[PDB]
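Using this note's numbering, the letters of the sequence shown correspond one by one to residues 315 to 1730. Ideal placement from N, C-alpha and C gives every residue a C-beta, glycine not left out.
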Amino acid sequence: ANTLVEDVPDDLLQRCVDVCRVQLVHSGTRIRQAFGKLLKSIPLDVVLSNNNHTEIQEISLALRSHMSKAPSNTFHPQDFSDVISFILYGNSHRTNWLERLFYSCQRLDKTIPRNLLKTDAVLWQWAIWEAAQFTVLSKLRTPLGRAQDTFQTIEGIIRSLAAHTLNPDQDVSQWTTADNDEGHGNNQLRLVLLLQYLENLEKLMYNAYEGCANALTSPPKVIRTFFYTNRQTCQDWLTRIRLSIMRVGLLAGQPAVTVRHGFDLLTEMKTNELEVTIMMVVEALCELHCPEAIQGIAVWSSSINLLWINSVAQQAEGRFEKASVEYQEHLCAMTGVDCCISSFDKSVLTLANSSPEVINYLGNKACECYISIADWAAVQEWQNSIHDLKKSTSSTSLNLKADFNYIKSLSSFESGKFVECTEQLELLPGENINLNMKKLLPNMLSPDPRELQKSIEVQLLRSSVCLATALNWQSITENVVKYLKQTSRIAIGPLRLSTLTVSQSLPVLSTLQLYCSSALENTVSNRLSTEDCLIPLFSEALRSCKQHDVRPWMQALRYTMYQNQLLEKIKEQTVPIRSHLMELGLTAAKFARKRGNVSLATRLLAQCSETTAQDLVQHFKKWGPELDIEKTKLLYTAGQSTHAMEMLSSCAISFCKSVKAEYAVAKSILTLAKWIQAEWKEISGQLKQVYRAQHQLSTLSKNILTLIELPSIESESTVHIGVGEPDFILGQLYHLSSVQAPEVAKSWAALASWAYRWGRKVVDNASXXXXXXXXXXXXXXXXXXXXXXXXXXXXXXXXXXXXXXXXXXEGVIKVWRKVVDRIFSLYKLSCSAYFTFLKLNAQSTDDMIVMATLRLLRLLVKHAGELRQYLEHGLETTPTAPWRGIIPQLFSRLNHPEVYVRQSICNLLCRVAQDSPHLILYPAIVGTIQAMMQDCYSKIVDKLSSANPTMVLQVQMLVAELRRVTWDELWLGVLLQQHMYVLXXXXXXXXXXXXXXXXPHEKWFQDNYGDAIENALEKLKXXXXXXXXXXXXXXXXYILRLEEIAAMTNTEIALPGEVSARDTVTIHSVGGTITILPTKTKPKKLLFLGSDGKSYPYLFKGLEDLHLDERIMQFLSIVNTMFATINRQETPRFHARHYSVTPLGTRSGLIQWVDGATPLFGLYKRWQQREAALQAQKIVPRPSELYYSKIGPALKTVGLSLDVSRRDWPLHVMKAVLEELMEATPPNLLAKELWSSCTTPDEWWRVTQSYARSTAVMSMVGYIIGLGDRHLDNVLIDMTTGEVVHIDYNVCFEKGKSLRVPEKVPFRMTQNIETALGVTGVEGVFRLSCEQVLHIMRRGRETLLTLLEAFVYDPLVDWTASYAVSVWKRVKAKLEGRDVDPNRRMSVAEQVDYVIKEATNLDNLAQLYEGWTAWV
Ligand SMILES: CCN(CC)S(=O)(=O)c1cc(Nc2nccc(-c3ccnc(-c4ccc(NC(=O)NC)cc4)c3)n2)ccc1Cl
Ligand SMILES: O=P(O)(O)O[C@H]1[C@H](OP(=O)(O)O)[C@H](OP(=O)(O)O)[C@H](OP(=O)(O)O)[C@@H](OP(=O)(O)O)[C@H]1OP(=O)(O)O
């Protein structure tokens, strides 16, 4: 709070990082220098994390608010001239000038936060937008010349930049030359500003000739008229320069600009530049790390030779070996001659994971790919192969654009040779080697970030060699310190540029280079005496940086190894670097193995331990255990599963006798169990052999036998019924892992899951001492009959006694108890393990805990008397924290036909009340308003009131007032119903009851219509009813007052629904006014004022049940919980937006209001209004009148009439009408709306990806659940983050198929919805996201089915408002993959394709309700 003002744990570290990022670009140099040091002191595991940054979000919102505002027109021509002069020439002609310009442009007569006025990024963005506004509002009559002069100016500059990009030897003036180190950074800044200006200009022109909807204000009539007649020229110019814009964007390291331009160019090609365009777009996507988009483009282009695109996608995923091999194969097949080089075995590498320009691109990609993994030998061999191929084919164009001198220098440096390294470095450009500091970068340097990175690396190498030679303290140290300081000052440029635009992430290469420079600067001055000289890249990044490549690890290792070797030249005490080196090498090896890089992984393992499959088994078979586990994993990834399993077993045997062996034993056992489960068919024999040997062999079997037989529960008697022999080994392994590490929750969860899955089947199928006991207690056929009756199907005691008496004609009780106890042993063990796992979580995923709680509840509900001593005692000590996700389920089970069960549930709820009463307050209070379901609620309310009785009394009064605020409406409804059914005793009774029920607002209503009783009495012995109804209807034709319809203040009651709130916000006030919406049943839109001064709107609904909506929301939350793991290594989060609903009785209810979401129908309405205005220049029809206007003549043409039923309607006529309607509406509504709402191309890419992922997740959820009536008004969109939200949920669970006009599409997928996903459509990120969502749902379908089953058996849920059983069966069939055919089970890909085809075909869209508006 103290920081980021006008005056000059991981949770706190994240905020600190965001603050430092925002302050990185500040007007004052002292602030930037101060925050840079703080940023450098934060570990990379937090700096490179994918957490959200609210600081950048504030700037984005401020900019969005400024653009959405109406134009100011205060920008003078001189300001624009100065801005353009600085952008195109570097001279600003003004000597904190941005702030002065902004202040001068503002007007007092006619709202960016003041604290944000000190950031240069905000000022630059504002200036660029203002300049674009001035250029557009002036009809292109800027001081740069005429309307065409500007076009030629920017066109020439862009063409020159593109030419330089193709040939780096052009050296364009004013762009590649600088007088010092500041000019070089200014060049990149100017280039970025130019790209932003072009994007803004295009957006403004589009808005001028077409228009937006609630995003940007419409320009004057003159501007619209001028841009409408000249849109063709603008479009032609943009299309002509789009080819060069992409190249310029690629040179500036801004893949978003080139990606957007490429998509637009591809879309415009509606009728030899296609290959280059596709290749360039693929390159940009690869730079953005988006393999899904590349795959989608490849599939899209396959319908128009381009099989190499998929290969590039592999490189975008982090796989370098496979990518290089594929590139070589493609080049060999395209050229006609052999071009492959020596590498790892293809059979193992694959198992682990014709134009002159295409060949050059593939060769360059292969070279860069080999350089990324730091394979100098491979690079040299590749160079020789390329030279030989070029000489044997006379290509004359196949050249590698990679500085070989730099590669040789790096090779010599990493090889320990410093003399040769210095000799090679002497030939590189830049300042000479240390023996002037303000100008270190050389001249003629291009603005490409790659060149800057190369220069920084060269400087670092020069400093390292200088220090090494100087070592063998103020002689050769001051110069090195100054050199390193300047190097660190130059490497901060990329971070500032990244912060200039809303990126939400920082460059990895630049950050690593900056940290390396800082480490070198600290080690030179301290001579390796402080812990600050080491790179902060620790192993903690394993669980927080899974979305990055292995490149940063190699960069860090490059200097870590150098420091390690340099340690031998220091005699004084030094810090321990061996541990850091081991940690870095191990983590890098893990990252490499997780992507198929077997060669690099083996190299790292060999380095830490100090091309054939048989070589690995002969070279590998505090960090000890981790190293062994990594070796086993590497061997497994190479295909040698047998050797890997044997090594793991051998390592676990030794770990079982170690000192600590806490986290290593559990990992070595769980991994082995998982691998054994994978190859169940090939390990069944070995497991059976082990089991047979246990009661009386391969190396793995003999090694596992000693592991399970390790001296210090599961007996062979309890598993001798329906349990297979190989499964016993897995159970024993889980038990061993649990007893060997009681502090690991996974060791208990695995055992509990195994025990439960086996016990369920054992009890289901079950529905020598025993014989001896029965014979002794009953001192031939009689014995057999008694034995069979005792265990026949074990009000049960009476039935068993009667059966035994009828068969034989008392010691059978003991035998029955023993057998029932033996059959349920699995459940007892599972319950104990689950209780221990829950107690250890007072470290695991939320879903992992929800499943356990649901299983325990299901067991206690189904089997209560069979296992009571376990659950009764466990529930009395289980913590209340992991039981906050199934509260409604606990309340719904308060009527179980059991005494102790209800008592235990009540006790658990009471315990949960303490320290968390804001979660079970509303349900209990509402429930209190037979005796089995009443005493529980009364006791819970009393227990909750024992702490704060005032809060309970106040909440009760509030609930009563809300219920009483749900008179005129009731009278009008009753009168209408009576009049409709008029055409007696029933009417008289109803009128009397209504009058009796009616006995501020009430006083006025009575004083105004108190003659109703007299009129009814007089008419009893009928115009009075009609007159009253007419008067009520006339007076009905919205705004109320809380005071007149009491109002409390300073309350201490929690808000209506705060499950996801660590600190509850007590209600402070209530809205003074209430609005009534016109959507069907009259709803009351109220507002609440919390303690935190925030405003929370709510929608109060009456006379309708809302218990199903709560269950649906809970199900959605449970589903969203399953995406916690996948969201830790993916930029676009997998989320399902949903609100909260809280019923207030049988027919009342309160629903949370979601702000910031705009319905999709608004865009169509605005477009219709714009079209109508345009047509009138030289209301709008409803979705029902317009449809009939076309269905009338069409039906009359064939001979039919409109009087015919909709069922007997030709399909061709409907298809023709639908096609005619689709050709009128344009598909650029949502696509252009989202584009205009964003601020920068980088933000546009993020918004588009988020929208695609959200749409895919929502579509899959709706299809699985069965959501219907998905019209435009029922779908909302969040433009700030581009997310899809759904509100209405009345039509669900396949209810739409039984309506008057059935629906066949599973989800809504129309022209605009599909067009907003990109040029590819549903073949890119959409299909992959849908497949991933289905995979996740299929993996965790057990918990979903259990939750649905619990929802079915709910006395407070009204389904008809065996239907529930049918719904559950349908959901189960859909989740299992047997929705279309129950005999064959389709795969995830097949199901996704079938659903997409069914939702995208025109046959189903033609026959649909006109209200769904399928033509948009
Ligand atoms: C352009 C006009 N609008 C769109 C229609 S809007 O309403 O004005 C509007 C709404 C929001 N945001 C928002 N947030 C939360 C909820 C709702 C909402 C709205 C209406 N109905 C429900 C509803 C009704 C019934 C049931 N349940 C059953 O039917 N049976 C059990 C469940 C839910 C929920 N809306 C944002 C902007 C705008 Cl414009
Ligand atoms: O070996 P680690 O580096 O510790 O990573 C493993 C494992 O990675 P591997 O697939 O390479 O074996 C899995 O990580 P992801 O695949 O999800 O990225 C994950 O679980 P899965 O194997 O089911 O995917 C989990 O292993 P576990 O199943 O035991 O939770 C994890 O860390 P741990 O092995 O330490 O738990």
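Asked	Found
Per DSSP, cross-strand counterpart(s) of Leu1400	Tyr1412
Cβ-Cβ separation, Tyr641 to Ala680 (assumed contact under 8 Å), whole Å	4 Å
For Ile1390, the residue or residues it bridges with in DSSP	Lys1398
Exposed unless 16 or more other CB atoms sit within 10 angstroms - verdict on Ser982	buried
Those runs of the alpha helix (DSSP H) which lie wholly inside the region 1410-1485 and span at least 4 residues	1421-1435
Rounded separation between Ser1051 and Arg428 - CA only	59 Å
Bridge partners - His1600, DSSP secondary structure assignment	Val1589
Test item: CB-CB of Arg561 and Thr479 under 7 Å	yes
Through-space distance from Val436 to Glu372, alpha-carbon basis	11 Å
Supposed close pair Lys1504, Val1468 - CB separation, criterion 8 Å	Not a contact, Cβ separation roughly 36 Å.
Through-space distance from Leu823 to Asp863, alpha-carbon basis	11 Å
Element boundaries [alpha helix (DSSP H), containing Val1494]	That residue, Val1494, is in no alpha helix (DSSP H); it is neither H nor E in DSSP.
Contact test: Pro1196 Cβ vs ligand 1 heavy atom, cutoff 6 Å	no
Touching by the beta-carbon criterion (3+ pairs, under 8 Å), the region 1015-1026 and the region 933-953	no
Any non-hydrogen atom of ligand 2 closer than 6 Å to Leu984 Cβ	yes
C-beta contact flag for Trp614 and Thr1387 at 7 Å	no
Cut-off 7 Å between Cβ atoms - residues of its own chain near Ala1678, not counting five sequence neighbours on either side	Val1666
Nearest-angstrom beta carbon gap, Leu515 and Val450 [assumed within contact, 8 Å]	7 Å
Enclosing beta strand (DSSP E) for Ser1383 [first to last residue]	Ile1381 to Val1384
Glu582 and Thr553 closer than 7 Å at C-beta	yes
Neighbourhood of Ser1405 by C-beta distance below 8 Å, restricted to the same chain and skipping five residues each side	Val1379, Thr1380, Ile1381 and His1382
Residue-level contact to chain D via CB, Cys1250, 7 Å cutoff	No chain D is part of this structure, which consists of one protein chain only.
Proximity below 7 Å, CB of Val779 to CB of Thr736	yes
Minimum C-alpha distance to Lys517 - residue among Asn494, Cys970 and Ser382	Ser382
Contact under 7 Å by Cβ, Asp325 with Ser817	no
Cβ pair count under 8 Å reaching 3, the region 769-776 against the region 826-842	yes
Beta-carbon spacing of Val1076, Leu1140 below 7 Å	yes
Any non-hydrogen atom of ligand 2 within 6 Å of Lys1016 CB	no
Three-state secondary structure assigned by DSSP to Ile1163	helix
Residue interval of the alpha helix (DSSP H) (run including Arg1216)	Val1213 to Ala1227
Cβ contact check for the region 889-905 and the region 914-925: 3 or more pairs under 8 Å	yes
Residue range of the alpha helix (DSSP H) that includes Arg574	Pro569 to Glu582
Beta-ladder partner(s) of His701, from DSSP	DSSP, once it has assigned bridges, lists no residue as partnering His701.
Closest by C-alpha distance to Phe634, when choosing among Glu601, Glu643 and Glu682	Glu682
Exposure label - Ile1493; buried when at least 16 CB within 10 Å	exposed
Residues bridged to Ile1353 (per DSSP)	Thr1389
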